[PDB]
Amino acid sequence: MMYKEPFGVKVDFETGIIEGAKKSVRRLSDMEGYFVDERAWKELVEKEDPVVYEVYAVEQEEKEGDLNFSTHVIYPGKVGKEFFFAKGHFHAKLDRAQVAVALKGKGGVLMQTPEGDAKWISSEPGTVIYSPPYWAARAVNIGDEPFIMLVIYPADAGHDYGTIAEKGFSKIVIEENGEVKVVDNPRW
């Protein structure tokens, strides 16, 4: 009683690349307003404009019950004290969850509710993170190598980047004197 063809694809656990996937590259210049230290942001864009992260997505038509998957490859770096991260988004159908599996590197996921309650969970390779319905997720790279996650999410979840674009997350992930810290975002 069905129809779509099953397929397999290789995921390179070392680079995060999925051949034939929709590839999205976001440089620091693509993330204006995302980091707390705007002066440090401007300076890094001017000097280098580094790739912050790549997404390789395998997506289906937006149909209830179906599933998408992608890799998030967060490159290592900081803007001032603040580690490189994915932009983060809510789902357009808010009550969709997502599951993320760490494949490589040192990092974690910062998650937030629509009211701004945040929670950080670290993820060494092998760790699976459950981001429940109504939460937005942001992978963060706290190490010196690429941090790579495999993310599975419902095909009808959609994306809402705008809320995060304007308000950010209520907590930030920084390093000071070798101490990785999750602290209140000053701009809240």
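Note that residue numbering follows the sequence shown and begins at 1.
Judged by mean Cα B factor in the deposited record, 112-120 ranks above the other of 112-120 and 98-106. Comparing the deposited coordinates for 144-152 and 45-53, the stretch with the larger average C-alpha B-factor is 45-53.
Between the residues 159, 63, 138, 26, the entry's highest C-alpha temperature factor is the one at 63. Among all modelled residues in its chain, residue 40 ranks in the highest third by Cα B-factor. The PDB entry assigns residue 81 a C-alpha temperature factor belonging to the highest third of its chain's modelled residues.
When the modelled residues of the chain are ordered by C-alpha B-factor, residue 8 sits in the lowest third. Per the PDB record, residue ranking by Cα B-factor puts residue 93 in the highest third of the chain.
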